[PDB]
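> Provided herewith is a single structure, encoded as structure tokens, for subsequent inquiry.
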Amino acid sequence: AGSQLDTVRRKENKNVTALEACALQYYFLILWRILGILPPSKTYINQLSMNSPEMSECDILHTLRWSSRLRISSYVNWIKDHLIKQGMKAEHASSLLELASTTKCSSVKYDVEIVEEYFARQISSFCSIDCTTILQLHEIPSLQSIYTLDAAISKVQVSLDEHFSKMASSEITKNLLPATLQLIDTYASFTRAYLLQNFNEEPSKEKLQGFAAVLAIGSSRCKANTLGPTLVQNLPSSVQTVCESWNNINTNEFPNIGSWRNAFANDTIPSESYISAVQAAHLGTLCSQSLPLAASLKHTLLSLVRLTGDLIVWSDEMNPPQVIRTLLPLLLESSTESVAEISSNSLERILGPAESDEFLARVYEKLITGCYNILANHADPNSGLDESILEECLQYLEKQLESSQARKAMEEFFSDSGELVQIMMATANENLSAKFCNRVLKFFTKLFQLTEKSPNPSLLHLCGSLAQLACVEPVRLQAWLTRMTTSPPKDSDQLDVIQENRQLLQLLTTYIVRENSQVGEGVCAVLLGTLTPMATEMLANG
């Protein structure tokens with residue numbers, strides 16, 4: 001009851017009033033007590049023994065509650081005596097209770113599999129969800145699914161901890177890792193969707209994706225990124241304030257690690273009380289009018305990453321690089337910065353120390369990929385990205401050239417995708433400032449010079465990359481050459497900067513024509529031929 005009210009009022013772009021939020025909390029807290037004091041009925045004990053239905057109609061939690069109860073005999077007794085009163089045959093009762101008890105490791109498995117199936121359900125429901133694309137603010141799940149999934153983790157986790165300490169299963173975690181892994185990435189998109197779409201219009205999906213890419217590149221956790229935070233600040237003050245409000249929100253309301261370990265002031269099974277406190281914190285976020293749904297997503301995602309790290313601890317069947325890929329953006333992003341610390345821990349686990357090459361290798365590679373994405377797929381002003389961002393990382397890109405390790409990482413990506421060419425091809429965009437042209441020219445200038453001052457294969461490979469420039473759109477290349485040479489004082493009041501652009505283009509041509517250059521002869525001719533019409537025009541129009 002009242003589970004889709006938030007989905008509805010948020011669908012109508014309306015904040016659930018405190019009265020309504022409070023009512024939802026009041027209602028859930030009451031029915032939860034009632035379900036708890038009322039003895040489990042025969043049909044439902046049979047279900048706990050059969051479970052043919054997927055319990056889609058809000059029965060997943062109740063089940064865990066009663067299983068935890070049954071684990072304890074007092075409850076076994078209480079429930080079995082109620083079944084005798086209920087009118088169920090006494091021996092039937094005994095058998096059911098024994099079957100529901102799943103004594104031995106079967107109890108741990110019973111828990112594992114139920115949470116596994118809830119995971120599966122959630123994943124499948126996510127089929128409409130796009131992992132690498134911006135999700136509509138309606139694709140975000142209701143707090144119901146958020147807290148239910150959060151409660152599901154709150155259980156598998158504790159149960160497995162217990163099992164492992166007792167052991168002091170591999171296949172049990174072998175199935176949990178993949179299921180959890182997908183959810184994290186999916187909920188990561190939900191956190192972004194809740195933050196991105198929240199941007200105040202006073203925003204175009206083009207602008208929305210621009211802001212998304214910028215805040216992703218932005219990383220303020222673990223290693224001190226000197227580019228992501230800068231671009232995050234560069235974001236419009238409005239967008240910047242939205243991001244600040246998102247980060248201001250925390251998961252402190254929800255009980256943290258160790259609370260159930262402290263028995264949560266609860267006898268028998270304290271995990272049930274921990275899950276109840278988690279639901280109470282979810283309802284408290286609902287009362288708050290500040291990003292309530294994802295405040296819960298922020299916690300659910302944290303719990304998911306915690307469970308993921310737990311699973312990584314054991315071999316399972318996890319694919320090390322794949323798990324690294326999932327935790328990589330989680331660390332390098334402002335929307336999922338909540339788990340950025342836990343993702344860094346996961347990387348220390350699989351990549352190694354935060355100063356280990358692998359770790360740094362992934363960090364910087366992803367960083368370049370993002371910068372590049374902003375340089376080529378966010379150059380258009382429609383992305384709503386100020387020119388400051390592109391030029392800011394353009395300097396960081398040169399900084400990476402200086403770092404031999406980062407230079408090699410950039411070299412591999414740039415040489416394989418001809419990204420260097422794309423940078424000049426992007427420069428063709430007339431919307432980009434003449435300063436962008438100037439900046440681009442230095443970058444390549446310093447690529448060629450650094451090669452001359454200190455020759456190495458990475459630099460040889462970027463010149464092999466510029467050989468791909470030989471094969472570019474002739475019109476686009478000319479359009480780019482035109483922007484570089486033609487000096488209109490109407491738009492470019494800084495003709496001196498236009499002249500610096502001309503000089504740096506001359507320098508790059510001289511570098512490519514050098515015998516030891518790896519750009520090859522084809523590129524030189526390509527440029528030469530394209531300039532011929534330009535020259536002719538400089539004589540035709542005088």
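Chain identifiers are assigned as A, B, and so on, following the order in which chains appear in the structure tokens; residues are numbered from 1 within each chain, and ligands are numbered from 1 in order of appearance.
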Give me the residues within 9 Å of residue 139 in chain A as a PyMOL selection string, counting only C-alpha atoms and dropping any in the same chain fewer than 4 places off.
chain A and resi 126+128-129+135+190+193
> Can I get the selected residues back with C-alpha atoms, as a compact mmCIF listing (two decimals), in the first residue's frame?

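The result, written out as selection-v2.txt:
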```txt
# COMPACT_ATOMS: atom_id res chain seq x y z
CA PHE A 126 16.49 -3.73 -15.57
CA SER A 128 14.67 -1.76 -20.24
CA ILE A 129 17.41 0.07 -18.21
CA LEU A 135 18.18 6.71 -17.72
CA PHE A 190 20.10 5.29 -11.17
CA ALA A 193 19.82 9.65 -13.37
```
> With the cut-off set at 8 Å and counting only C-alpha atoms, tabulate each residue of range 116-221 of chain A with an atom at most that distance from an atom of range 236-244 of chain A, showing the nearest atom pair and its distance in Å to one decimal, ordered by chain and increasing number, as CSV.

```
residue,atom,partner,partner_atom,distance
A:195,CA,A:243,CA,7.3
A:198,CA,A:242,CA,7.6
A:199,CA,A:239,CA,5.9
A:200,CA,A:238,CA,7.4
```
> Just list the residues in range 315-475 of chain A DSSP gives alpha helix (DSSP H) on the backbone, as a ChimeraX atom specification.
/A:320-331,340-350,357-377,387-402,404-417,419-427,434-453,457-466,474-475
> Skip range 488-494 of chain A itself and residues of its chain fewer than 2 positions away, then list as a list in words all residues within 12 Å of it, counting only C-alpha atoms.
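The residues that qualify are residues 430, 431, 432, 433, 434, 435, 437, 438, 482, 483, 484, 485, 486, 496, 497, 498, 499, 500 and 501 of chain A.
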> Those residues you just picked out, can you put them in a file as a PDB file, in the first residue's frame with N, CA, C and O atoms?

```pdb
ATOM      1  N   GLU A 430      33.726  25.062 -35.873  1.00  0.00           N
ATOM      2  CA  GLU A 430      33.841  26.544 -35.836  1.00  0.00           C
ATOM      3  C   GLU A 430      33.405  27.056 -34.455  1.00  0.00           C
ATOM      4  O   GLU A 430      33.929  28.106 -34.023  1.00  0.00           O
ATOM      5  N   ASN A 431      32.490  26.341 -33.796  1.00  0.00           N
ATOM      6  CA  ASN A 431      31.980  26.774 -32.465  1.00  0.00           C
ATOM      7  C   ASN A 431      33.151  26.897 -31.484  1.00  0.00           C
ATOM      8  O   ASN A 431      33.126  27.823 -30.644  1.00  0.00           O
ATOM      9  N   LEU A 432      34.140  26.003 -31.590  1.00  0.00           N
ATOM     10  CA  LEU A 432      35.303  26.023 -30.665  1.00  0.00           C
ATOM     11  C   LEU A 432      36.062  27.350 -30.821  1.00  0.00           C
ATOM     12  O   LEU A 432      36.111  27.875 -31.954  1.00  0.00           O
ATOM     13  N   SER A 433      36.629  27.869 -29.727  1.00  0.00           N
ATOM     14  CA  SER A 433      37.325  29.183 -29.766  1.00  0.00           C
ATOM     15  C   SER A 433      38.660  29.071 -30.514  1.00  0.00           C
ATOM     16  O   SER A 433      39.167  27.936 -30.656  1.00  0.00           O
ATOM     17  N   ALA A 434      39.207  30.202 -30.973  1.00  0.00           N
ATOM     18  CA  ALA A 434      40.535  30.189 -31.633  1.00  0.00           C
ATOM     19  C   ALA A 434      41.583  29.737 -30.616  1.00  0.00           C
ATOM     20  O   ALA A 434      42.603  29.141 -31.021  1.00  0.00           O
ATOM     21  N   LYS A 435      41.342  30.018 -29.332  1.00  0.00           N
ATOM     22  CA  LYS A 435      42.268  29.552 -28.268  1.00  0.00           C
ATOM     23  C   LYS A 435      42.337  28.019 -28.319  1.00  0.00           C
ATOM     24  O   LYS A 435      43.450  27.470 -28.198  1.00  0.00           O
ATOM     25  N   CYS A 437      42.068  26.105 -30.885  1.00  0.00           N
ATOM     26  CA  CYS A 437      43.051  25.818 -31.963  1.00  0.00           C
ATOM     27  C   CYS A 437      44.460  25.983 -31.386  1.00  0.00           C
ATOM     28  O   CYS A 437      45.251  25.027 -31.489  1.00  0.00           O
ATOM     29  N   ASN A 438      44.744  27.140 -30.782  1.00  0.00           N
ATOM     30  CA  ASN A 438      46.077  27.372 -30.253  1.00  0.00           C
ATOM     31  C   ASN A 438      46.469  26.258 -29.292  1.00  0.00           C
ATOM     32  O   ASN A 438      47.554  25.691 -29.407  1.00  0.00           O
ATOM     33  N   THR A 482      41.008  25.694 -42.995  1.00  0.00           N
ATOM     34  CA  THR A 482      40.452  27.021 -43.200  1.00  0.00           C
ATOM     35  C   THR A 482      40.327  27.770 -41.889  1.00  0.00           C
ATOM     36  O   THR A 482      40.754  28.916 -41.772  1.00  0.00           O
ATOM     37  N   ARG A 483      39.754  27.116 -40.889  1.00  0.00           N
ATOM     38  CA  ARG A 483      39.622  27.754 -39.590  1.00  0.00           C
ATOM     39  C   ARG A 483      40.995  28.144 -39.082  1.00  0.00           C
ATOM     40  O   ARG A 483      41.164  29.200 -38.481  1.00  0.00           O
ATOM     41  N   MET A 484      41.998  27.310 -39.362  1.00  0.00           N
ATOM     42  CA  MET A 484      43.366  27.582 -38.835  1.00  0.00           C
ATOM     43  C   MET A 484      44.004  28.770 -39.566  1.00  0.00           C
ATOM     44  O   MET A 484      44.641  29.597 -38.885  1.00  0.00           O
ATOM     45  N   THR A 485      43.837  28.857 -40.891  1.00  0.00           N
ATOM     46  CA  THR A 485      44.535  29.920 -41.666  1.00  0.00           C
ATOM     47  C   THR A 485      43.705  31.207 -41.719  1.00  0.00           C
ATOM     48  O   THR A 485      44.214  32.245 -41.252  1.00  0.00           O
ATOM     49  N   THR A 486      42.486  31.148 -42.263  1.00  0.00           N
ATOM     50  CA  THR A 486      41.669  32.381 -42.438  1.00  0.00           C
ATOM     51  C   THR A 486      41.629  33.169 -41.125  1.00  0.00           C
ATOM     52  O   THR A 486      41.375  32.544 -40.075  1.00  0.00           O
ATOM     53  N   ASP A 496      46.383  38.216 -33.487  1.00  0.00           N
ATOM     54  CA  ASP A 496      47.721  37.752 -33.037  1.00  0.00           C
ATOM     55  C   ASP A 496      47.623  36.265 -32.677  1.00  0.00           C
ATOM     56  O   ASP A 496      48.520  35.501 -33.080  1.00  0.00           O
ATOM     57  N   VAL A 497      46.571  35.880 -31.945  1.00  0.00           N
ATOM     58  CA  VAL A 497      46.367  34.437 -31.618  1.00  0.00           C
ATOM     59  C   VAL A 497      46.095  33.687 -32.926  1.00  0.00           C
ATOM     60  O   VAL A 497      46.600  32.553 -33.059  1.00  0.00           O
ATOM     61  N   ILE A 498      45.357  34.296 -33.864  1.00  0.00           N
ATOM     62  CA  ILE A 498      45.207  33.560 -35.163  1.00  0.00           C
ATOM     63  C   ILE A 498      46.599  33.298 -35.758  1.00  0.00           C
ATOM     64  O   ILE A 498      46.826  32.189 -36.303  1.00  0.00           O
ATOM     65  N   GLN A 499      47.493  34.286 -35.674  1.00  0.00           N
ATOM     66  CA  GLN A 499      48.856  34.161 -36.257  1.00  0.00           C
ATOM     67  C   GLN A 499      49.661  33.100 -35.498  1.00  0.00           C
ATOM     68  O   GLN A 499      50.413  32.365 -36.162  1.00  0.00           O
ATOM     69  N   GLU A 500      49.535  33.045 -34.169  1.00  0.00           N
ATOM     70  CA  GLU A 500      50.217  31.969 -33.399  1.00  0.00           C
ATOM     71  C   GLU A 500      49.702  30.620 -33.899  1.00  0.00           C
ATOM     72  O   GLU A 500      50.522  29.707 -34.070  1.00  0.00           O
ATOM     73  N   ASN A 501      48.390  30.508 -34.129  1.00  0.00           N
ATOM     74  CA  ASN A 501      47.810  29.255 -34.682  1.00  0.00           C
ATOM     75  C   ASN A 501      48.506  28.924 -36.008  1.00  0.00           C
ATOM     76  O   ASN A 501      49.000  27.787 -36.156  1.00  0.00           O
TER      77      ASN A 501
END
```
> Counting only C-alpha atoms, which residue out of A:112, A:371, A:100, A:177 sits closest to residue 311 in chain A?
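Smallest distance to residue 311 in chain A is found for A:177.
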> Out of A:351, A:158, A:140, A:232, which residue has the shortest atom-to-atom distance to residue 327 in chain A when counting only C-alpha atoms?
A:351
> Can you check which parts of range 311-339 of chain A lie within 8 Å of range 167-170 of chain A? Per residue, the shortest pair of atoms and distance in Å to one decimal, counting only C-alpha atoms, sorted by chain and number, as CSV.

```
residue,atom,partner,partner_atom,distance
A:314,CA,A:170,CA,7.0
A:315,CA,A:170,CA,7.3
A:316,CA,A:170,CA,5.4
```
> Go ahead and write the selection's residues with N, CA and C atoms as a PDB file, in the first residue's frame.

```
ATOM      1  N   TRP A 314      36.816 -13.967  -1.442  1.00  0.00           N
ATOM      2  CA  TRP A 314      36.947 -15.393  -1.836  1.00  0.00           C
ATOM      3  C   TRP A 314      37.124 -15.494  -3.356  1.00  0.00           C
ATOM      4  N   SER A 315      37.756 -16.569  -3.835  1.00  0.00           N
ATOM      5  CA  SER A 315      38.049 -16.698  -5.289  1.00  0.00           C
ATOM      6  C   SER A 315      36.756 -16.635  -6.115  1.00  0.00           C
ATOM      7  N   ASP A 316      35.743 -17.423  -5.741  1.00  0.00           N
ATOM      8  CA  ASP A 316      34.463 -17.459  -6.504  1.00  0.00           C
ATOM      9  C   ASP A 316      34.760 -17.733  -7.980  1.00  0.00           C
TER      10      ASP A 316
END
```
> Quick one: distance from CA of residue 127 in chain A to CA of residue 180 in chain A in Å, one decimal?
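Pair CA of residue 127 in chain A / CA of residue 180 in chain A returns 15.3 Å.
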> Which is closer to residue 74 in chain A than all the others in A:256, A:267, A:49, A:536, using only C-alpha atoms?
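So, comparing all the options, the nearest one is A:267.
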> Have a look at CA of residue 194 in chain A and CA of residue 296 in chain A and let me know their distance in Å, one decimal.
11.1 Å
